[PDB]
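Consider the single chain below, provided in structure tokens and representing the form deposited in one PDB entry.
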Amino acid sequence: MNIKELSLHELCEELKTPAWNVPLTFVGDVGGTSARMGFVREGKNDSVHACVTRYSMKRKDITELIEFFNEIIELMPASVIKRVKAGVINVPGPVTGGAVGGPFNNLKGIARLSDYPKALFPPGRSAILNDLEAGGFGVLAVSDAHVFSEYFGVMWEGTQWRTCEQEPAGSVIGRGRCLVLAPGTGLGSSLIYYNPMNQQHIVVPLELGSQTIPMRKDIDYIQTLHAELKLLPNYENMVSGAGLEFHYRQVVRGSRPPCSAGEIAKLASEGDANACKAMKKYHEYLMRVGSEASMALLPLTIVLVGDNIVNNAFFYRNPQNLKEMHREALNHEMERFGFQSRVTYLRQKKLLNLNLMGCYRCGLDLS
């Protein structure tokens, strides 16, 4: 279980050594800000081994990837390029047919597998994934490598965990549906479906973030945002970078000027009461995604992923914050039957590119 971030040239260097004389998978973790592309292999002892290189999404254009791909094929020895098993990338938008990606909230353009160089993407062994589809595959990869409790932590255990599992919560993904939520720049979501027939986990990409927010006792608050956006607020409007910024503006009331999502997270990490208020308000809405999806999708577990989640551990390790999220996760009419209480909430507690692992885990299936 390991990745090494390299410059484009040292990447080329490493790929000629003895350990890399093995079959290889091309992977790309593409975001609205950067792309991470490179190769993956195994040694022995279930060993997950990757090295990639960062790219900036300069043009803010998903089609820029084609230029990166070419650059990689020529600038590298085809003795390596011929060891390429499969080609899997993920992108931050809806993807249909594993072949077409778009439209994107961040970038312009359309991701097209058919316009991809077949050296990095062998036909019949290539996919374009949604970013949270990739990450879903990554959660599965982490589980299979028996290393779950190294990367995820229980926030609170739900009723049903012990009905399905004797091992401790957080030690395994569990034999039930796992809902993956990635509250970052945008709000990502996938359902790791579990087929009780053959005991298989199956990643199902979702767009929960774009659902219109249903109310609690917060009609005035929603209407305030409604009036700024000129749009019925969806979950992502509250749970996102722009949402966090909004939460901050509502807290301060002109008393401090607006600052960025990033700045608000840093502030709260220093005990700023205003930013902390904003962080809680953000999490109140994340939890509403959880409780509605708890009913609709019936998960055994809910997992919060992303570097965002790892880095804000100051917020999660506070028991008053945890208790309030928990309160909001149970704030649903159906809780009078225990449905939201059934569910176990975890969060990623250690850095790991789930998407790259997932692209690789996905490539094994296309193989």
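In this text, the rigid core denotes the largest set of C-alpha atoms whose superposition between the two forms falls within 1.5 Å. A residue's number is simply how far along the shown sequence it sits, counting from 1.
- Coverage remark for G43: absent from the model in at least one third of the other entries compared whose chains are built on both sides.
- The deposited model assigns a higher average Cα B-factor to 138-146 than to the other stretch when 138-146 and 214-222 are compared.
- Taking the mean C-alpha B-factor of each stretch as recorded, 352-360 and 11-19 are not equal, and the higher mean is that of 11-19.
- Out of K44, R342, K323, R317, the entry records its largest CA B-factor for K44.
- Across the options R249, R175, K277, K85, the residue with the most elevated CA B-factor in the record is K85.
- In the deposited entry, the Cα temperature factor of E263 places it in the middle third of its chain's modelled residues.
- For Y193, the recorded CA B-factor ranks within the lowest third of the chain. Only modelled residues enter the ranking.
- Among the modelled residues of the chain, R253 sits in the middle third by CA temperature factor in this PDB entry.
- Sorting the modelled residues of the chain by their CA temperature factor places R59 in the highest third.
- For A169, the recorded CA temperature factor ranks within the middle third of the chain's modelled residues.
Not on display, but discussed next: the form deposited in another entry.
- In a rigid-core overlay of the protein, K350 has its C-alpha displaced by under 2 Å between this form and the one not shown.
- Here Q320 does not count as shifted, since its C-alpha moves by less than 2 Å between this form and the one not shown after the core is aligned.
- In the other form, the separation between the C-alpha atoms of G170 and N45 shrinks by 3 Å or more relative to the displayed form.
- Compared with the form shown here, the Cα atoms of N45 and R175 sit 3 Å or more closer together in the other form.
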